[PDB]
Amino acid sequence: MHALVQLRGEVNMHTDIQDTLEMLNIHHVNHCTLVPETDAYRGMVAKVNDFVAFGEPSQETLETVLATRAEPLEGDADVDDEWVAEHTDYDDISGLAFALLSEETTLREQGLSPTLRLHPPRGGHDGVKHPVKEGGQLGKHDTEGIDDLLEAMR
Amino acid sequence: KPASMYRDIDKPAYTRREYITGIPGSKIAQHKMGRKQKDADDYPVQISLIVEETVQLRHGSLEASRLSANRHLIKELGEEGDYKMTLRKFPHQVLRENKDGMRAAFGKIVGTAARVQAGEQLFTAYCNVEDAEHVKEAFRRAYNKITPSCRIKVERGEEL
Amino acid sequence: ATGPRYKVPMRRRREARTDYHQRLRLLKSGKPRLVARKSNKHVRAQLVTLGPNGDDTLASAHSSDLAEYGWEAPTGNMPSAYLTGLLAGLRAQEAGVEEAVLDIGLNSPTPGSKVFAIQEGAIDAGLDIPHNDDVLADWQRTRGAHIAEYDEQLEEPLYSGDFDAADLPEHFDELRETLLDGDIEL
Amino acid sequence: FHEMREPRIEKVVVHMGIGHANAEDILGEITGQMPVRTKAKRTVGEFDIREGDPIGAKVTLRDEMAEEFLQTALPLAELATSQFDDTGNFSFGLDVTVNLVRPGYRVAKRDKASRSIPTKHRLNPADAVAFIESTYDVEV
Amino acid sequence: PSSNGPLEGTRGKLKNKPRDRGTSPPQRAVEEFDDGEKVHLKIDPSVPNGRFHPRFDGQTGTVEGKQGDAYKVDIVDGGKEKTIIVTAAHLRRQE
RNA sequence: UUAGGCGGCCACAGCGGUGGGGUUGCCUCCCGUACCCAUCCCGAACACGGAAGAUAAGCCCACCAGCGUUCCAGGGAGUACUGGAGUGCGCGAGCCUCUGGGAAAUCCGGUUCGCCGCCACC
RNA sequence: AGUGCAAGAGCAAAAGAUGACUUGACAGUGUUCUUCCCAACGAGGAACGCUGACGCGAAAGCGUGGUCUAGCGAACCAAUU
RNA sequence: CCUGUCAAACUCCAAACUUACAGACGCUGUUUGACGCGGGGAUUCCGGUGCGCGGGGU
Ligand SMILES: [Cl-]
Ligand SMILES: [Cl-]
Ligand SMILES: [Mg+2]
Ligand SMILES: [Mg+2]
Ligand SMILES: [Mg+2]
Ligand SMILES: [Mg+2]
Ligand SMILES: [Mg+2]
Ligand SMILES: [Mg+2]
Ligand SMILES: [Mg+2]
Ligand SMILES: [Mg+2]
Ligand code: NA
Ligand code: NA
Ligand code: NA
Ligand code: NA
Ligand code: NA
Ligand SMILES: [Sr+2]
Ligand SMILES: [Sr+2]
Ligand SMILES: [Sr+2]
Ligand SMILES: [Sr+2]
Ligand SMILES: [Sr+2]
Ligand SMILES: [Sr+2]
Ligand SMILES: [Sr+2]
């Protein structure tokens, strides 16, 4: 299970790539989606590789994120342990965060918007002109590297 | 004409003589020099001239370069000295010139050039350890009559 | 052989046993082929249908198993050929085969040939094969009458092993009548 | 073993390549069977503009007709060593050629399942001179 | 293109590789297909007649019937639907 | 299949070579032209009739890789080329980094001297 | 190699050669594609059917011209069945 | 034998890639009716630039 986060805008980006991002339920910059790790989903991220920032998040971080940025399918409501318990198949945020990572269910399956609408990275990101290996912020990340971003964009 | 007009590789490979006519003959006199009866392996030293950039060298440059390079070996080692130089490249690329404004602009055949990629051996000489300095000077004069910079790399010779 | 560009013929064309050009025109009918094949001492007749992995033989008849019902004469003549054809045609009726198209292979379409004699027999058996009556041999030559008249020019017996002196085209009649009979263990 | 390896005469072809015929008569007499015309291809500057047209004639003698013809033909010829083909064939002369081969040449001349004769079973110039010489004449 | 003929720019697709030269096997020239079947369209350079327009090489239509012995295969050129008359010689079963 | 017929794939099946196999069996070479049939001339072929002889041919069987071919391992090579991205370098032609793919020649060692279907048959 | 002629492509018990027979280069009506990729447009073109009449072959079958892609033309007027 | 080079109109080889069809996932549609079909109305047929691949031309 990977955390996809668009870092580069739509202007000038190829249509076949933009459509893929939209197929991955992410329509705006700074929007995050929790994508599994299958052959299919793999092709999609590879295509988006240069306009996104992905990686496997730590259970802890995924919890801090879900708690702060997750939303119902329709609604302004807060997704907290109590919320999770009442509508999901889990007992709290941690229970959910675990099943997702283990790829047992999906945010949509549990009545949650497939998109985690994050906030701009606090203290700025490492740059959208270079990948991670070159000191930039695009492409695949370390679990610790992905956490730094998500935590920064909580 | 200046080599500025033909030094770059920016056109299709134009070589098919079965479709091209009136191609000016190669100014290149000989490709094998020195003692073409003796072999390369019969020599302890093998120094080649290497082109650093990918270019197109006209037979006019090839001949001018090769000439002034071998002419030094003949001077410093004698007309029948103990050496053997080689020019491994041949002028295959036919050249045109639109010499009528831009209407019906496909030019007429003016010459031929040899296509060489960077890091290639334009020349390769084979000599003895003593005369290995007259070979380096031969190439020093040779790389001045061609468009790109070059490397005079010794391939066989720990005798330095 | 010589290299990459070389073109090696199809195995059965290489072996020179199958004419693919006639085979295609033959397969265009959609009917089973009545494969008529000969040999120096024998003559067989197969009923071949197409298939995924290769040809499919549903019925057949070798001149060898002709003696199985009473044949005591040789196995490479006109009476032999016709009688093999008729046997084959009967075994074919049994498997449900109702029509066929004569396939003679690399053999020549000569008037009165043993292949046409085979075709004549299979049709007599109750099969439907596109034929041409005047290309078939006359009834008596099919009986082997021309062979008996040859034995007439005796002085030295025609058959080494004793079958009889003047030969018997009547043996042909006996056996043909034996096959038309319903009983017979096909 | 040698029984199926001992050579025989396949055919004796007698021909008279003229060029524009009246010679058919003589061959018919000396051999003993009917002759056939000889045509040619490709235009020739030696008055041969008409492609397919009678230029000569030939006769292919087999069995008795061949041997009986050779009992009187061979003597008239002064045989030599360089007069042989690598397959054990010889032409001398009016031309007379003899095709010699081993007891199973039908395999290569038949229609069905024909195969070319193996080099080992192919006749040799040596076995040729021998066989011939062993029948009323001399070599070299 | 210099000319707008059927075989324009068909040098490659309508030519056999050296080892595939000569007359082709009759098995595929008489193969029986059923209505609704998926078939790949490829011209056999060896076989002259029963060909579809070269522009349709690489298609994978659906047999919807047959005219005579030749087949009628439905394909979709871009968005335009077309019925193609093509003999077994130039067809192969999908999967 | 102790030798057959019809095939599919259509060289992994080619080319070349070696050794073995046939009393009433089989395929043959083979013997022979009265007939059906045959050769623009030849029962050569084709067609028809038949067994004295043979296993030398063919064919069937076992095997050799020198040539050709199919495939596999390592080397070449993640090299050549390349789909996606870059306020990376270069006067420039052009190159480089990240990401996703990825040769060919050639070397070396192995493979391959067909496989499979149906029918008939000590 | 040859296959009438450009170029590219197809063909070897043939599509090439020889031979003999024959004149399907026939009458009529279509399906489809092409012409005009996608995507509307005429004449022309091709493949593929059907009805009738023929030629050949033992038969399967082949022949709607010359192996495939060039050799073509509206109404009006004119002649003709 | 050995030795030195080439091909837009060469190929014993051979990608990346583009592309037909089907399944899967994704997305989407069955009160926002998609896909498709029929009809009304257009405008438009001087384009330009960047990048990639080009062809011509110093
Ligand atoms: Cl046979
Ligand atoms: Cl079509
Ligand atoms: Mg909402
Ligand atoms: Mg700030
Ligand atoms: Mg910044
Ligand atoms: Mg091309
Ligand atoms: Mg032996
Ligand atoms: Mg710069
Ligand atoms: Mg007028
Ligand atoms: Mg008129
Ligand atoms: Na002008
Ligand atoms: Na073929
Ligand atoms: Na004549
Ligand atoms: Na033998
Ligand atoms: Na039309
Ligand atoms: Sr240019
Ligand atoms: Sr320079
Ligand atoms: Sr004989
Ligand atoms: Sr400059
Ligand atoms: Sr890989
Ligand atoms: Sr035609
Ligand atoms: Sr393209």
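Where a number appears in this text, it was derived from the coordinates with a stated rule and is not lab data. Positions of Cβ are backbone-derived with ideal geometry, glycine not excepted, and every protein chain shown enters the neighbour counts.
What size of dipole, in debye to the nearest 20, comes out for the range B:1-131 about its Cα centre when the only charges are +1 on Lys and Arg C-beta atoms and -1 on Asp and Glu C-beta atoms?
Charge dipole, the range B:1-131, about its Cα centre: 880 debye, nearest 20.
From Cα coordinates alone, what are the radius of gyration and Dmax values for the range A:61-125 in angstrom?
Cα-based Rg and Dmax for the range A:61-125 come out at 11.8, 36 Å.
With N set to the residue count of the range D:1-112, report its C-alpha Rg divided by 2.2 N^0.38 Å to two decimal places.
With N residues counted in the range D:1-112, Rg over 2.2 N^0.38 Å equals 1.24.
Could you give me the percent of Cα pairs per 5 Å distance bin for the range C:1-60, shortest bin first, beginning at zero and ending with the bin that holds the maximum distance?
Distribution as computed: 4, 14, 17, 24, 18, 9, 6, 6, 2 percent.
Between A:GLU109 and B:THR21, what is the FRET efficiency for a Förster distance of 60 Å, r being their Cβ-Cβ separation, to the nearest 0.05?
Using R0 = 60 Å, I get an efficiency of 0.20.
List, in order, the whole-Hz ³J(HN,Hα) value for each residue of the range C:127-134 obtained from phi through the Karplus relation with A = 6.51, B = -1.76, C = 1.60 and θ = phi - 60°; use x for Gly and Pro.
With the stated coefficients, the range C:127-134 comes to 9, 10, 10, x, 10, 8, 2, 7 Hz.
My understanding is that a pair violates if its Cα-Cα distance is over 24 Å; which of D:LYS11/D:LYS120; C:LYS31/E:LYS66; D:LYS41/E:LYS15 do that in this structure?
D:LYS41/E:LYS15
Please report the spacing between the Cα centers of the range C:53-72 and the range B:131-155 in Å, no decimals.
Cα centroid of the range C:53-72 versus Cα centroid of the range B:131-155: 88 Å apart.
Quick one: Karplus J couplings for the range D:120-133, per residue in order, coefficients 6.51, -1.76, 1.60, θ = phi - 60°, nearest Hz, x for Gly and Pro?
6, 9, 6, 5, 10, x, 5, 4, 6, 3, 3, 3, 4, 3
Enter the Cα centre distance for the pair the range C:115-137 and the range B:42-97, rounded to the nearest angstrom.
A separation of 85 Å, based on Cα centres.
Using only the alpha carbon atoms of chain E, find the Kirkwood hydrodynamic radius as the inverse mean reciprocal pair distance, in angstroms to one decimal.
14.0
Over the C-alpha atoms of chain B, what are the Rg and the largest Cα-to-Cα span, Dmax, in Å?
Values for chain B (Cα only, Rg and Dmax): 17.5, 61 Å.
So what J values fall out for the range A:115-121 if you push phi through Karplus, 6.51 cos²θ - 1.76 cosθ + 1.60 with θ = phi - 60°, rounded to Hz, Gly and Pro as x?
10, 9, 7, 6, 10, x, x
Would you mind getting me the FRET efficiency between D:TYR105 and D:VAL44? Use the beta-carbon distance for r and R0 = 25 Å, nearest 0.05.
After rounding, the FRET efficiency stands at 0.15.
Search the structure for amide H atoms under 5 Å from the amide H of E:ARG21, placed 1.01 Å from N in the peptide plane, and list their residues when 5 or more places away or on another chain.
Those lying under 5 Å, H to H, from E:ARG21: there are none.
What is the spin-label model distance, in nm, from C:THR18 to C:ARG5 if the labels are put 7 Å beyond Cα along the C-beta direction?
Between C:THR18 and C:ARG5, the simple spin-label model gives 2.9 nm.
Return a whole-number percent for the relative contact order of the range A:58-113, with Cα pairs under 8 Å and 6 or more residues apart as the contact set.
Relative contact order here is 37 percent.
Starting from the coordinates of the alpha-carbon atoms of the protein assembly as shown, obtain the Kirkwood hydrodynamic radius over all distinct pairs and give the value in Å to one decimal.
38.3
Along Cα→Cβ, 7 Å out, is where each label goes; now give me the distance between the ones at A:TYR41 and D:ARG8 in nm to one decimal.
In this crude label model, A:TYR41 to D:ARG8 measures out at 8.5 nm.
Cross-link partners among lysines for B:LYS108, C-alpha distance below 23 Å, same-chain residues fewer than 8 apart left out?
Counting by Cα, and skipping residues close in sequence, B:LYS108 has these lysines nearby: B:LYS1, B:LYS11, B:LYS27, B:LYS99.
Summarise the partner chain shielding of E:24-30 as one whole number: the mean count of Cβ atoms from other chains within 10 Å of each residue's Cβ.
Across E:24-30, the average partner-chain Cβ count within 10 Å equals 5.
Can you list residues whose amide H is under 5 Å from C:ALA137's amide H, if they're 5+ apart or on another chain and H is modeled 1.01 Å from N?
Those qualifying (amide H under 5 Å, at least 5 residues apart or on another chain) are C:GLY112.
Please give, to one decimal in nm, the separation of the simple spin-label points placed at A:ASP50 and C:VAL135, each 7 Å out from Cα toward the Cβ.
Placing both labels 7 Å along Cα→Cβ, they lie 7.2 nm apart.
So how strong a dipole does chain E carry about its Cα centre when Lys and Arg Cβ are +1 and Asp and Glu Cβ are -1, to the nearest 20 debye?
So the magnitude is around 620 debye.
Dipole size in debye (nearest 20) for the protein assembly as shown around its Cα centre, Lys and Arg Cβ +1, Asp and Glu Cβ -1?
The dipole of the protein assembly as shown has a size of about 5900 debye.
Note the direction-averaged projected area, equal to a quarter of the hull surface, for the Cα convex hull of chain C, in nm².
If I average the Cα hull's projected area over directions, I get 13.9 nm².
Could you tell me how far the Cα centroid of the range B:10-32 sits from the Cα centroid of the range D:24-98, in Å?
For the range D:24-98 versus the range B:10-32, the Cα centre distance is 57 Å.
What residues have an amide H closer than 5 Å to that of A:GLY127, excluding those fewer than 5 places away on the same chain, when H is modeled at 1.01 Å from N in the peptide plane?
Amide H to amide H, under 5 Å and 5 or more residues apart or across chains, A:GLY127 pairs with A:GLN137.
For chain A, compute Rg over Rh where Rg is the Cα radius of gyration and Rh is the Kirkwood radius from the inverse mean 1/r over Cα pairs.
Computed over Cα atoms, the ratio is 0.95.
Determine the relative contact order of chain E: mean sequence separation of Cα pairs under 8 Å and six or more apart, normalised by residue count, in whole percent.
30
First measure r as the distance between the Cβ atoms of C:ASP181 and D:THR72, then evaluate 1/(1 + (r/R0)^6) with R0 = 56 Å and state the FRET efficiency to the nearest 0.05.
Computed FRET efficiency for C:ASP181 and D:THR72 comes out at 0.30.
Please give the helix A:39-48 orientation as an angle from the longest Cα principal axis of chain A, in degrees from 0 to 90, rounded to the nearest 10.
Around 50 degrees separate the two axes.
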